[PDB]
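Read the single chain below, which is given as structure tokens and is the form deposited in one PDB entry.
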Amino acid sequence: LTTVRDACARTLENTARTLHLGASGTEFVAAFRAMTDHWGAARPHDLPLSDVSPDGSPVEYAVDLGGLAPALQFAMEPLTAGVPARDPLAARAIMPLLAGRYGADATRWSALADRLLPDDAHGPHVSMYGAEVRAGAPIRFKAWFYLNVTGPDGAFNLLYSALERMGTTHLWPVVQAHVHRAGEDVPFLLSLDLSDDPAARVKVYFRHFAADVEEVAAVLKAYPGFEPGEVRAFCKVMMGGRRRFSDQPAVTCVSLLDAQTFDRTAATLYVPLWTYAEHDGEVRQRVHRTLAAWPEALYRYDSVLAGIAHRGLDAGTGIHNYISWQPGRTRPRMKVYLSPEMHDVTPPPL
């Protein structure tokens, strides 16, 4: 009888406690509640299926795999029981809430929302929001917009128009340079850090459809730190030795300003995990291989996973959604993105 908003808040709270986030964790859970209060008393079966997780869960949890002071993050979808996910009302309410209660910056959001959050979106989803926190640091909020709201062939037009509205068309060459597999490398999400602070970024997510690992390693080789050998190795290990993204595509995220400057790293590679393995136990084995040099990162990973999984890992896939890879100062930064399997049900035998 537990509601979605309470179930997710409890999972987030337990994960925060596992990561020893302290007071920062408590305030983070309160921000999650602020953002998901509007889900009402809905149970899982009352909400529309969400785009946040491939299994339709309306929340996804992500944790840093390495480093002291791990970050914890969530993404969610504004949703209302009985209302299609593409309806923009819930998403339009999140920004004034974050601006008013947390001092989030709405100026870039407001410049984009009229066109990217329209009343009659073409695609099935129109908005996600998220937050992240580390112990002792302020919570950072973000929004994702869909580049398909005017149909499939409008993503580049919509993206260029968004940069124009934000006064950053000087960033467009970053997008063009990331354009290798024309037609196959496609921007499909735009994210905004909802801060004014100097670190806030606009990011573009690209899909690499029908690519093998070497080709993906070429798109990324242009970004500092993306050593093709290390990138290929990460993909091959996390895909169980597969050399090509057969069905589910590779995804990259490009921080436009950081790709144009020098001091910050500007791209992130996302490897999908639920279709290239027999079950989440095999995915876990690949993470342990990948993190073998850091037994503490693995203990942390296992602790977070155990608090989010509620069935045996070997039963199938659906808990691990993605693992991401970014170059770091001394070591790569990896994150794991996990689903609560909100909608799964197991009836008794007939």
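Residue indices: 1-based, along the sequence shown. Shifts are known only where both forms have a C-alpha. Note that the rigid core is defined as the largest set of C-alphas that superpose within 1.5 Å between two forms.
Keep in mind the form deposited in another entry is missing from the figure; the text below concerns it.
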Given a cut-off of 2 Å on Cα movement between this form and the one not shown, rigid core as reference, pick the single residue from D193, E132, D185, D258 that exceeds or meets it.
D258
A 3 angstroms or greater change in CA distance between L269 and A259 is reported in the other entry. Closer or farther than in this form?
farther
Between the shown chain and the other structure, the Cα gap of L338 to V345 differs by 3 Å or more. Is it closer or farther in the other entry?
closer
Core-aligned, C-alpha shift of at least 2 Å, runs of at least 3 residues: can you list them between this form and the one not shown?
258 to 265, 344 to 350
